[PDB]
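Q: Got a structure for you, questions after.
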Amino acid sequence: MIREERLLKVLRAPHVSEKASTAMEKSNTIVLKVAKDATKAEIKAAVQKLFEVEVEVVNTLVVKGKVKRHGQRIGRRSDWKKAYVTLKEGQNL
Amino acid sequence: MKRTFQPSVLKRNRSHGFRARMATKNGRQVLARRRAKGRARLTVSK
Amino acid sequence: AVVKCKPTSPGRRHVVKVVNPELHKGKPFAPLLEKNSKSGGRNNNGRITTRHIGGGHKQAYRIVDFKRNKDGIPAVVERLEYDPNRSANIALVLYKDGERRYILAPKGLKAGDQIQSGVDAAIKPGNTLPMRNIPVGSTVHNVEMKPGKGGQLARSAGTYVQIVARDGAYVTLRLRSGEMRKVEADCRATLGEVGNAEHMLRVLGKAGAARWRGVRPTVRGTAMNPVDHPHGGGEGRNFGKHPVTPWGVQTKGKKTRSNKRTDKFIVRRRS
Amino acid sequence: XXXXXXXXXXXXXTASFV
RNA sequence: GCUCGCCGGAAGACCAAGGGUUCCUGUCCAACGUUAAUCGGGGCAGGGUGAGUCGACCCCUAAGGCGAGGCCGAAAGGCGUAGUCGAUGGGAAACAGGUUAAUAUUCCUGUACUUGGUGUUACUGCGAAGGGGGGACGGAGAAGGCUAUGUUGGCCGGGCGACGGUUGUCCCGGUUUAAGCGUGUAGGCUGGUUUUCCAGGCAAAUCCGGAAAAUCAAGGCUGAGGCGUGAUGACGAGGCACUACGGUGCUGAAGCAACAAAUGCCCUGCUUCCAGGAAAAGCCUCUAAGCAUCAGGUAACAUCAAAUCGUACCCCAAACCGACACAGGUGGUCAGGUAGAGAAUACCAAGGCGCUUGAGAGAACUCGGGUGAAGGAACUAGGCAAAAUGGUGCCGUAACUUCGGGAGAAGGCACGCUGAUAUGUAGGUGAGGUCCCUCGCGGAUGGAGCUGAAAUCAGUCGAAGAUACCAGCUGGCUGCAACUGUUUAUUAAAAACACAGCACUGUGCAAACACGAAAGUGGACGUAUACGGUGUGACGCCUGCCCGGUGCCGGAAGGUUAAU
RNA sequence: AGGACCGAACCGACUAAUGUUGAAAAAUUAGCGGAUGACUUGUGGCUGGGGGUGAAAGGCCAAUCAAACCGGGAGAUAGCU
Ligand SMILES: [Mg+2]
Ligand SMILES: [Mg+2]
Ligand SMILES: [Mg+2]
Ligand SMILES: [Mg+2]
Ligand SMILES: [Mg+2]
Ligand SMILES: [Mg+2]
Ligand SMILES: [Mg+2]
Ligand SMILES: [Mg+2]
Ligand SMILES: [Mg+2]
Ligand SMILES: [Mg+2]
Ligand SMILES: [Mg+2]
Ligand SMILES: [Mg+2]
Ligand SMILES: [Mg+2]
Ligand SMILES: [Mg+2]
Ligand SMILES: [Mg+2]
Ligand SMILES: [Mg+2]
Ligand SMILES: [Mg+2]
Ligand SMILES: [Mg+2]
Ligand SMILES: [Mg+2]
Ligand SMILES: [Mg+2]
Ligand SMILES: [Mg+2]
Ligand SMILES: [Mg+2]
Ligand SMILES: [Mg+2]
Ligand SMILES: [Mg+2]
Ligand SMILES: [Mg+2]
Ligand SMILES: [Mg+2]
Ligand SMILES: [Mg+2]
Ligand SMILES: [Mg+2]
Ligand SMILES: [Mg+2]
Ligand SMILES: [Mg+2]
Ligand SMILES: [Mg+2]
Ligand SMILES: [Mg+2]
Ligand SMILES: [Mg+2]
Ligand SMILES: [Mg+2]
Ligand SMILES: [Mg+2]
Ligand SMILES: [Mg+2]
Ligand SMILES: [Mg+2]
Ligand SMILES: [Mg+2]
Ligand SMILES: [Mg+2]
Ligand SMILES: [Mg+2]
Ligand SMILES: [Mg+2]
Ligand SMILES: [Mg+2]
Ligand SMILES: [Mg+2]
Ligand SMILES: [Mg+2]
Ligand SMILES: [Mg+2]
Ligand SMILES: [Mg+2]
Ligand SMILES: [Mg+2]
Ligand SMILES: [Mg+2]
Ligand SMILES: [Mg+2]
Ligand SMILES: [Mg+2]
Ligand SMILES: [Mg+2]
Ligand SMILES: [Mg+2]
Ligand SMILES: [Mg+2]
Ligand SMILES: [Mg+2]
């Protein structure tokens with residue numbers, strides 16, 4: 001949580017779903033895609049330092065990949081971890 | 001009517017799981033045979 | 001007292017119970033409890049090695065002081081308690097220094113009696129003394145075979161042995177089986193008979209009572225098939241085969257003792 | 001597009017003793 | 001969308017196990033769906049599960065598994081100690097409201113709680129791989145006090161009726177509020193407080209267990225529920241405005257009482273019985289060694305931390321186990337109204353569905369039903385089947401009997417509705433008021449108001465009043481087995497097996513015996529009033545004679561006889 | 001009080017019909033027996049093939065049992081078709 005090297009690989013991408021848009025408008029919560037092995041703590045430190053924003057709490061969930069077919073071949077989407085990071089009141093990104 | 005297979009993951013892993021098979025040499029010989037045959041799924045563990 | 005129940009229902013018609021109001025009706029002494037898991041008559045290989053064992057009510061084991069080595073300390077019987085692990089009743093004794101223990105309750109024992117152990121104890125029921133110091137002809141019970149090992153003979157309800165003679169370091173005892181045996185004079189024994197002498201008068205009355213004792217049904221060999229038991233079956237009810245056992249050993253008379261190490265102590269076998 | 005076949009068979013009838 | 005019908009102790013709702021995206025939205029109709037399909041649990045593309053207080057995990061153990069060394073075994077290996085694992089059990093803590101197309105005790109609002117770390121301050125005997133307590137435990141039964149919940153009344157809002165009447169004792173709807181905190185109630189359990197001694201609790205112990213003495217008429221522990229607070233809030237019928245049928249925003253009345261009532265709570269209680277009913281840890285306490293300036297303990301603030309994993313959806317089923325979208329199977333939780341003893345049954349509420357082909361026709365024949373003149377088992381291997389009986393109260397009830405039974409023996413009578421006794425009865429519940437209190441969630445009177453059998457008499461309609469559903473056919477002789485029970489999963493449920501009881505026999509405990517090349521284990525932490533084996537099979541009266549044959553037991557002189 | 005009575009859940013499976021290329025590789029409908037107990041059930045655990053287990057039917061041991069299943073000896077052997 002304290003190493004700048006660990007933090008720079010924790011955040012993978014922002015989530016741009018309809019739920020994420022509602023989160024921007026209603027509860028000032030940012031939805032991110034993080035490393036599958038990441039813990040709520042380190043994620044709070046990385047966002048606080050790399051975005052200069054105050055974080056209230058971070059809840060995480062694991063999304064199970066979907067099973068799809070490419071032609072006649074079976075395949076599976078990868079599992080990923082979704083983090084709901086709630087920013088302190090007032091601050092905006 | 002109650003059919004023969006009543007699934008249970010804990011029972012399934014404790015009976016035929018990788019660690020149950022490898023506990024004894026005879027089970028380890030099962031793994032050797034399945035490795036020689038080239039099985040994609042060595043044991044029943046997920 | 002032995003009381004027979006009136007036949008208000010089949011299965012109660014023949015039940016005869018032995019009710020002793022003097023037994024403690026409360027809970028046992030907690031510090032003396034330990035687990036006694038059931039076995040089902042199955043050894044560490046998991047096979048049944050003794051048939052007709054299984055089920056029954058769960059029972060806890062009571063640590064009974066079979067050594068009686070608190071010499072010189074008087075003890076007083078607090079109460080008599082029922083013990084599911086044996087046919088006899090047990091007695092919770094309280095020594096004068098505060099130690100509590102469970103002992104077998106002799107015939108005439110009652111609450112408030114005073115017991116004492118040691119070489120200088122009086123010869124009275126409930127007292128434990130080395131058997132060299134007990135007059136010949138006395139009636140004793142819970143007799144130890146080896147010094148300090150603990151009592152092993154005549155421990156079930158109503159049993160006892162007789163000291164018929166003493167000769168040097170050995171005595172000759174008449175056991176309940178009627179055999180005359182030699183036991184080292186330094187062994188201890190408890191004066192008097194074992195209590196609960198009316199135990200043979202109880203009638204359990206129904207199959208469920210035996211199931212409560214952990215006794216499973218016994219199937220007669222003549223009712224089986226030839227593949228299962230030597231007595232086999234045959235059309236209808238046919239026997240025609242000198243009695244045997246599920247493993248071929250002749251029953252109904254054939255002796256099986258072969259020790260060669262303890263026969264030196266048997267001066268006359270039972271008859 | 002992945003059809004298959006299976007057959008176990010069972011045995012029973014009457015008597016032919018006369 | 002409006003009707004109709006079905007389930008409603010389920011064909012509703014929530015889970016576990018198991019499945020694994022089947023969940024939601026858009027789009028498409030090749031294949032899949034036993035038909036068509038615009039639809040789908042189908043194809044495609046996006047989206048969707050958020051936990052200090054829910055589980056898993058973590059601490060703790062049961063059966064049992066593994067097992068350093070060890071013991072044993074040709075090898076492999078077997079068993080097993082210390083240990084270490086292993087829930088189906090024991091251990092800290094969160095509730096209500098709102099919100100998404102799909103998640104919510106996980107998200108927002110409001111209000112709480114728990115366990116650790118750190119710091120400050122004050123007061124300070126701490127401390128174990130030890131010791132004690134506690135945790136901690138059965139079956140059955142009986143009530144009493146409660147709540148969930150329901151009913152009625154009151155209150156609030158709306159209504160004055162598509163055809164007779166309906167401003168009325170009328171109609172419809174609503175009348176909801178948690179955890180937490182305070183109080184400690186009904187009630188249950190236990191005498192309490194000091195001082196003293198002591199070979200016990202592997203050493204010590206101030207603790208536990210003991211002995212004595214003194215003094216107190218009390219003290220302590222546990223525990224429902226209610227009430228207050230939480231809550232000037234939230235919720236709330238409905239309302240007006242906007243708008244994409246959604247919705248969104250604002251406002252918002254009453255929000256009480258009585259009665260009935262659990263299979264839920266007090267209750268892990270009480271009473272009783274024999275078949276005599278886990279463990280460990282957390283927790284409390286006690287001291288050893290090792291520190292007693294310290295450390296550490298207690299208390300109050302402040303503060304950090306509570307990670308990781310499951311979380312969609314199905315879950316008596318179209319998503320699980322059955323090759324099927326298969327009339328099967330599958331553990332737990334929830335338990336509305338009327339009638340009823342009831343979770344039976346019938347009709348309904350909330351809620352969910354009409355079973356993935358239908359449309360005609362109205363033959364034989366088949367299936368599932370309904371009714372039947374006269375007769376009434378003449379049918380038939382055999383009253384199979386069907387029909388008949390069926391409830392409550394009361395009267396009455398034989399041989400025989402082990403005196404319990406047989407017995408619901410048989411057989412019969414009365415059951416609706418209305419009024420009166422009595423504008424609701426006996427009973428139950430019980431406010432106000434009035435006394436008393438060392439004073440409260442108090443006691444005694446008191447009877448208002450609600451709830452309520454049951455009987456008799458009179459009248460009254462029906463062909464039938466236990467009117468439907470629901471719901472014993474009965475009796476006589478006899479064989480067999482005493483009985484309850486068990487059995488051929490899938491053609492046999494019996495007279496077969498078991499059974500209590502009886503007898504014989506073996507077995508002296510390093511027991512016989514059994515499983516094991518063995519160690520060892522079971523027998524049994526049992527000891528002849530015990531255990532194993534065999535046969536018989538409650539109970540009653542009994543079980544006669546034969547030891548030649550075959551076995552078994554005892555004897556040992558002689559004859560015969562192996563290895564050596 | 002009761003291996004007591006009656007009768008739901010629940011367990012069981014006696015009679016009959018239907019089903020027999022089934023709704024189904026043992027079911028359904030109307031009945032039927034037990035239903036505080038030798039009861040029933042969930043979750044784990046143990047016993048392994050001449051062995052287990054069996055209130056005993058040669059029953060059960062994964063739609064299989066007078067000796068399971070899988071692979072090997074193995075192309076057993078087959079005076080038979
Ligand atoms: Mg999570
Ligand atoms: Mg026996
Ligand atoms: Mg017998
Ligand atoms: Mg037979
Ligand atoms: Mg056998
Ligand atoms: Mg034989
Ligand atoms: Mg014969
Ligand atoms: Mg209906
Ligand atoms: Mg109902
Ligand atoms: Mg029903
Ligand atoms: Mg799951
Ligand atoms: Mg799919
Ligand atoms: Mg859908
Ligand atoms: Mg089609
Ligand atoms: Mg789809
Ligand atoms: Mg070893
Ligand atoms: Mg659990
Ligand atoms: Mg949160
Ligand atoms: Mg109430
Ligand atoms: Mg009109
Ligand atoms: Mg009950
Ligand atoms: Mg959910
Ligand atoms: Mg849902
Ligand atoms: Mg189905
Ligand atoms: Mg279908
Ligand atoms: Mg027709
Ligand atoms: Mg007619
Ligand atoms: Mg007609
Ligand atoms: Mg006729
Ligand atoms: Mg007629
Ligand atoms: Mg006739
Ligand atoms: Mg004829
Ligand atoms: Mg005839
Ligand atoms: Mg008939
Ligand atoms: Mg009928
Ligand atoms: Mg009937
Ligand atoms: Mg005859
Ligand atoms: Mg019978
Ligand atoms: Mg007889
Ligand atoms: Mg059985
Ligand atoms: Mg059969
Ligand atoms: Mg059966
Ligand atoms: Mg049958
Ligand atoms: Mg017999
Ligand atoms: Mg005879
Ligand atoms: Mg009964
Ligand atoms: Mg009956
Ligand atoms: Mg039926
Ligand atoms: Mg029935
Ligand atoms: Mg019955
Ligand atoms: Mg089979
Ligand atoms: Mg063979
Ligand atoms: Mg060949
Ligand atoms: Mg060969």
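Simple scheme: letters A, B, ... for chains in structure tokens order, numbers from 1 for residues in each chain, numbers from 1 for ligands in the order shown.
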Output the neighbourhood of ligand 22 as an MDAnalysis selection string, that is, all protein and nucleic acid residues with some atom at most 9 Å from the ligand, counting only C-alpha atoms (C1' of nucleotides) and all ligand atoms.
A: chainID E and resid 49 103:104 311:313
Q: Hey, which residues sit close to ligand 7? Say within 12 Å, counting only C-alpha atoms (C1' of nucleotides) and all ligand atoms, and write them as a compact mmCIF listing (two decimals) with C-alpha atoms, in the first residue's frame.
A:
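File selection.txt, as written:
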```txt
# COMPACT_ATOMS: atom_id res chain seq x y z
CA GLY C 233 -30.50 -73.68 5.60
CA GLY C 234 -32.18 -76.30 3.45
CA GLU C 235 -35.79 -76.74 2.42
CA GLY C 236 -38.10 -76.00 5.32
CA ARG C 237 -36.44 -76.31 8.73
CA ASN C 238 -33.57 -78.80 8.40
CA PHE C 239 -30.54 -79.06 10.65
CA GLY C 240 -28.63 -82.37 10.67
```
Q: Give as an MDAnalysis selection string the residues surrounding ligand 33 up to a distance of 10 Å, considering only C-alpha atoms (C1' of nucleotides) and all ligand atoms.
A: chainID E and resid 377:380
Q: Please report the interatomic distance between atom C1' of residue E:362 and atom 1 (Mg, counted along the ligand's line) of ligand 27 in Å with one decimal.
A: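 Between atom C1' of residue E:362 and atom 1 (Mg, counted along the ligand's line) of ligand 27 the gap works out to 24.0 Å.
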Q: Write out as a PyMOL selection string every residue belonging to chain A that has an atom at most 9 Å from any atom of chain E, counting only C-alpha atoms (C1' of nucleotides).
A: chain A and resi 17-19+27+39-41+58-64+66-67+82-84
Q: Write a file of the selected residues as a compact mmCIF listing (two decimals), in the first residue's frame, keeping C-alpha atoms.
A:
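Result file follows (again-v4.txt):
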```txt
# COMPACT_ATOMS: atom_id res chain seq x y z
CA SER A 17 -21.60 1.69 -17.81
CA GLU A 18 -25.00 3.21 -17.12
CA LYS A 19 -24.58 2.36 -13.43
CA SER A 27 -23.38 9.39 -4.85
CA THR A 39 -7.08 -5.27 -1.81
CA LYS A 40 -9.45 -2.44 -0.91
CA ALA A 41 -6.74 -0.65 1.11
CA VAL A 58 -13.95 1.39 -1.18
CA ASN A 59 -16.01 -1.78 -1.71
CA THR A 60 -14.85 -4.42 -4.19
CA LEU A 61 -16.55 -7.23 -6.10
CA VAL A 62 -15.31 -9.97 -8.44
CA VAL A 63 -16.97 -10.28 -11.85
CA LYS A 64 -16.99 -13.83 -13.22
CA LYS A 66 -18.80 -15.14 -19.39
CA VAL A 67 -18.58 -18.35 -21.41
CA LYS A 82 -14.64 -4.06 -9.76
CA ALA A 83 -14.05 -1.38 -7.11
CA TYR A 84 -16.64 1.17 -5.96
```
Q: Within 9 Å of ligand 13, which residues of chain E show up? Give each one with its shortest atom-to-atom distance in Å (one decimal) and the two atoms involved, counting only C-alpha atoms (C1' of nucleotides) and all ligand atoms, rows by chain then rising residue number, as JSON lines.
A:
```
{"residue": "E:22", "atom": "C1'", "partner": "ligand 13", "partner_atom_place_in_ligand_line": "1 (Mg)", "distance": 8.5}
{"residue": "E:23", "atom": "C1'", "partner": "ligand 13", "partner_atom_place_in_ligand_line": "1 (Mg)", "distance": 6.7}
{"residue": "E:24", "atom": "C1'", "partner": "ligand 13", "partner_atom_place_in_ligand_line": "1 (Mg)", "distance": 7.0}
{"residue": "E:40", "atom": "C1'", "partner": "ligand 13", "partner_atom_place_in_ligand_line": "1 (Mg)", "distance": 8.2}
{"residue": "E:41", "atom": "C1'", "partner": "ligand 13", "partner_atom_place_in_ligand_line": "1 (Mg)", "distance": 7.3}
```
Q: Can you write out the residues you just picked, keeping N, CA and C atoms (P, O5', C5', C4', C3', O3' and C1' of nucleotides), as a PDB file, in the first residue's frame?
A:
```pdb
ATOM      1  P     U E  22     -26.995 -16.500 -19.957  1.00  0.00           P
ATOM      2  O5'   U E  22     -28.279 -17.005 -19.161  1.00  0.00           O
ATOM      3  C5'   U E  22     -29.331 -17.669 -19.845  1.00  0.00           C
ATOM      4  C4'   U E  22     -30.215 -18.448 -18.903  1.00  0.00           C
ATOM      5  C3'   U E  22     -30.921 -17.639 -17.828  1.00  0.00           C
ATOM      6  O3'   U E  22     -32.102 -17.019 -18.298  1.00  0.00           O
ATOM      7  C1'   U E  22     -30.025 -19.645 -16.908  1.00  0.00           C
ATOM      8  P     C E  23     -32.309 -15.436 -18.143  1.00  0.00           P
ATOM      9  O5'   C E  23     -31.822 -15.133 -16.659  1.00  0.00           O
ATOM     10  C5'   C E  23     -32.715 -15.217 -15.561  1.00  0.00           C
ATOM     11  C4'   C E  23     -32.476 -14.104 -14.574  1.00  0.00           C
ATOM     12  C3'   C E  23     -32.680 -12.698 -15.119  1.00  0.00           C
ATOM     13  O3'   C E  23     -34.028 -12.274 -15.027  1.00  0.00           O
ATOM     14  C1'   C E  23     -30.575 -12.825 -14.044  1.00  0.00           C
ATOM     15  P     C E  24     -34.802 -11.746 -16.331  1.00  0.00           P
ATOM     16  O5'   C E  24     -34.251 -10.268 -16.536  1.00  0.00           O
ATOM     17  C5'   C E  24     -34.491  -9.255 -15.573  1.00  0.00           C
ATOM     18  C4'   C E  24     -33.784  -7.979 -15.950  1.00  0.00           C
ATOM     19  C3'   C E  24     -33.978  -7.531 -17.389  1.00  0.00           C
ATOM     20  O3'   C E  24     -35.194  -6.830 -17.581  1.00  0.00           O
ATOM     21  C1'   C E  24     -31.680  -7.455 -16.845  1.00  0.00           C
ATOM     22  P     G E  40     -38.931 -12.367 -25.372  1.00  0.00           P
ATOM     23  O5'   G E  40     -38.675 -13.870 -24.917  1.00  0.00           O
ATOM     24  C5'   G E  40     -39.410 -14.448 -23.849  1.00  0.00           C
ATOM     25  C4'   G E  40     -38.984 -15.875 -23.615  1.00  0.00           C
ATOM     26  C3'   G E  40     -37.491 -16.099 -23.464  1.00  0.00           C
ATOM     27  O3'   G E  40     -37.028 -15.800 -22.161  1.00  0.00           O
ATOM     28  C1'   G E  40     -38.402 -17.715 -24.940  1.00  0.00           C
ATOM     29  P     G E  41     -35.629 -15.045 -21.948  1.00  0.00           P
ATOM     30  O5'   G E  41     -34.630 -16.226 -21.577  1.00  0.00           O
ATOM     31  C5'   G E  41     -34.979 -17.178 -20.578  1.00  0.00           C
ATOM     32  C4'   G E  41     -33.955 -18.278 -20.479  1.00  0.00           C
ATOM     33  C3'   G E  41     -33.907 -19.223 -21.673  1.00  0.00           C
ATOM     34  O3'   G E  41     -32.579 -19.719 -21.815  1.00  0.00           O
ATOM     35  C1'   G E  41     -34.521 -20.432 -19.738  1.00  0.00           C
TER      36        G E  41
END
```
Q: 12 Å from ligand 11 is the threshold here; counting only C-alpha atoms (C1' of nucleotides) and all ligand atoms, which polymer residues fall inside it? Answer as a PyMOL selection string.
A: (chain B and resi 8-9) or (chain E and resi 15-20+55-56+310-315+320)
Q: Output as a tab-separated table one row per residue of chain E within 8 Å of ligand 14: the closest atom pair and its distance in Å to one decimal place, counting only C-alpha atoms (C1' of nucleotides) and all ligand atoms, sorted by chain and residue number ascending.
A:
```
residue	atom	partner	partner_atom_place_in_ligand_line	distance
E:33	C1'	ligand 14	1 (Mg)	6.5
E:35	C1'	ligand 14	1 (Mg)	7.0
E:36	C1'	ligand 14	1 (Mg)	7.5
```
Q: Just to confirm, what's the straight-line distance from atom CA of residue C:19 to atom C1' of residue F:5 in Å (one decimal)?
A: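 Rounded to one decimal, the two atoms are 28.6 Å apart.
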Q: List as a list in words the protein and nucleic acid residues near stretch 238-251 of chain E, meaning an atom at most 10 Å away when only C-alpha atoms (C1' of nucleotides) are counted, but skip any in the same chain fewer than 2 places from it.
A: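 Neighbouring residues, sequence-local ones excluded: residues 157, 158, 236 and 253 of chain E.
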Q: Restrict the selected residues to N, CA, C and O atoms (P, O5', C5', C4', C3', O3' and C1' of nucleotides) and save them as a PDB file, in the first residue's frame.
A:
```pdb
ATOM      1  P     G E 157     -61.551  13.229   8.196  1.00  0.00           P
ATOM      2  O5'   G E 157     -61.307  12.538   6.781  1.00  0.00           O
ATOM      3  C5'   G E 157     -60.134  12.809   6.029  1.00  0.00           C
ATOM      4  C4'   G E 157     -59.993  11.859   4.867  1.00  0.00           C
ATOM      5  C3'   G E 157     -61.208  11.725   3.966  1.00  0.00           C
ATOM      6  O3'   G E 157     -61.348  12.804   3.060  1.00  0.00           O
ATOM      7  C1'   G E 157     -60.361   9.583   4.454  1.00  0.00           C
ATOM      8  P     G E 158     -62.809  13.308   2.624  1.00  0.00           P
ATOM      9  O5'   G E 158     -63.347  12.164   1.653  1.00  0.00           O
ATOM     10  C5'   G E 158     -62.729  11.928   0.396  1.00  0.00           C
ATOM     11  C4'   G E 158     -63.137  10.599  -0.188  1.00  0.00           C
ATOM     12  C3'   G E 158     -64.620  10.420  -0.455  1.00  0.00           C
ATOM     13  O3'   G E 158     -65.065  11.091  -1.623  1.00  0.00           O
ATOM     14  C1'   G E 158     -63.783   8.490   0.598  1.00  0.00           C
ATOM     15  P     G E 236     -45.120   5.451   2.307  1.00  0.00           P
ATOM     16  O5'   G E 236     -46.535   5.656   3.011  1.00  0.00           O
ATOM     17  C5'   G E 236     -47.320   4.543   3.413  1.00  0.00           C
ATOM     18  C4'   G E 236     -48.525   4.978   4.206  1.00  0.00           C
ATOM     19  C3'   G E 236     -49.447   5.965   3.510  1.00  0.00           C
ATOM     20  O3'   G E 236     -50.335   5.348   2.596  1.00  0.00           O
ATOM     21  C1'   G E 236     -49.012   6.720   5.699  1.00  0.00           C
ATOM     22  P     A E 253     -50.762  14.748   8.312  1.00  0.00           P
ATOM     23  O5'   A E 253     -52.093  14.541   9.160  1.00  0.00           O
ATOM     24  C5'   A E 253     -53.197  15.416   8.991  1.00  0.00           C
ATOM     25  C4'   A E 253     -54.507  14.672   9.048  1.00  0.00           C
ATOM     26  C3'   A E 253     -54.584  13.536  10.052  1.00  0.00           C
ATOM     27  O3'   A E 253     -54.833  13.998  11.368  1.00  0.00           O
ATOM     28  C1'   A E 253     -55.489  12.839   7.975  1.00  0.00           C
TER      29        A E 253
END
```
Q: Mind listing as a list in words which residues of chain E are within 7 Å of chain C, counting only C-alpha atoms (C1' of nucleotides)?
A: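 Residues passing the distance filter: residues 200, 209, 210, 275, 276, 277, 278, 404, 483, 498, 499, 500, 504, 505, 506, 512, 514, 515, 521, 522, 523, 527, 528, 529, 533, 534, 551, 552 and 553 of chain E.
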Q: Taking only C-alpha atoms (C1' of nucleotides) and all ligand atoms into account, which residues are within 12 Å of ligand 21, as a list in words?
A: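 Checked against 12 Å with only C-alpha atoms (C1' of nucleotides) and all ligand atoms; the hits are residues 262, 263 and 343 of chain E; 9 and 36 of chain F.
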Q: Store the residues picked out above in a file with N, CA, C and O atoms (P, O5', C5', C4', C3', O3' and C1' of nucleotides), as a PDB file, in the first residue's frame.
A:
```pdb
ATOM      1  P     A E 262     -53.365 -20.612  22.189  1.00  0.00           P
ATOM      2  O5'   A E 262     -51.884 -20.034  22.292  1.00  0.00           O
ATOM      3  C5'   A E 262     -50.751 -20.854  22.055  1.00  0.00           C
ATOM      4  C4'   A E 262     -50.637 -21.195  20.590  1.00  0.00           C
ATOM      5  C3'   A E 262     -49.338 -21.859  20.158  1.00  0.00           C
ATOM      6  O3'   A E 262     -49.397 -23.268  20.278  1.00  0.00           O
ATOM      7  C1'   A E 262     -49.788 -20.015  18.747  1.00  0.00           C
ATOM      8  P     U E 263     -48.280 -24.068  21.109  1.00  0.00           P
ATOM      9  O5'   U E 263     -46.997 -24.015  20.169  1.00  0.00           O
ATOM     10  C5'   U E 263     -45.879 -24.861  20.410  1.00  0.00           C
ATOM     11  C4'   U E 263     -45.317 -25.399  19.119  1.00  0.00           C
ATOM     12  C3'   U E 263     -44.811 -24.336  18.137  1.00  0.00           C
ATOM     13  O3'   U E 263     -43.490 -24.662  17.707  1.00  0.00           O
ATOM     14  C1'   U E 263     -46.303 -25.845  17.053  1.00  0.00           C
ATOM     15  P     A E 343     -55.030 -25.533  11.393  1.00  0.00           P
ATOM     16  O5'   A E 343     -54.052 -26.317  10.412  1.00  0.00           O
ATOM     17  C5'   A E 343     -53.579 -25.703   9.217  1.00  0.00           C
ATOM     18  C4'   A E 343     -52.713 -26.634   8.404  1.00  0.00           C
ATOM     19  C3'   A E 343     -53.110 -28.110   8.439  1.00  0.00           C
ATOM     20  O3'   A E 343     -52.825 -28.695   7.171  1.00  0.00           O
ATOM     21  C1'   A E 343     -50.890 -27.876   9.186  1.00  0.00           C
TER      22        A E 343
ATOM     23  P     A F   9     -50.211 -36.642   4.556  1.00  0.00           P
ATOM     24  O5'   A F   9     -49.024 -35.742   5.119  1.00  0.00           O
ATOM     25  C5'   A F   9     -48.939 -34.365   4.785  1.00  0.00           C
ATOM     26  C4'   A F   9     -47.860 -33.665   5.572  1.00  0.00           C
ATOM     27  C3'   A F   9     -46.457 -34.225   5.406  1.00  0.00           C
ATOM     28  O3'   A F   9     -45.810 -33.748   4.239  1.00  0.00           O
ATOM     29  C1'   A F   9     -46.914 -33.915   7.703  1.00  0.00           C
ATOM     30  P     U F  36     -46.906 -41.381  17.176  1.00  0.00           P
ATOM     31  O5'   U F  36     -45.735 -41.428  18.251  1.00  0.00           O
ATOM     32  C5'   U F  36     -44.761 -42.469  18.214  1.00  0.00           C
ATOM     33  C4'   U F  36     -43.875 -42.449  19.432  1.00  0.00           C
ATOM     34  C3'   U F  36     -44.604 -42.288  20.767  1.00  0.00           C
ATOM     35  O3'   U F  36     -44.023 -43.163  21.732  1.00  0.00           O
ATOM     36  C1'   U F  36     -42.949 -40.609  20.536  1.00  0.00           C
TER      37        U F  36
END
```
Q: Identify all chain E residues at most 8 Å from chain B by counting only C-alpha atoms (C1' of nucleotides); ligands do not count. Present them as a PyMOL selection string.
A: chain E and resi 17-18+321-322+328-330
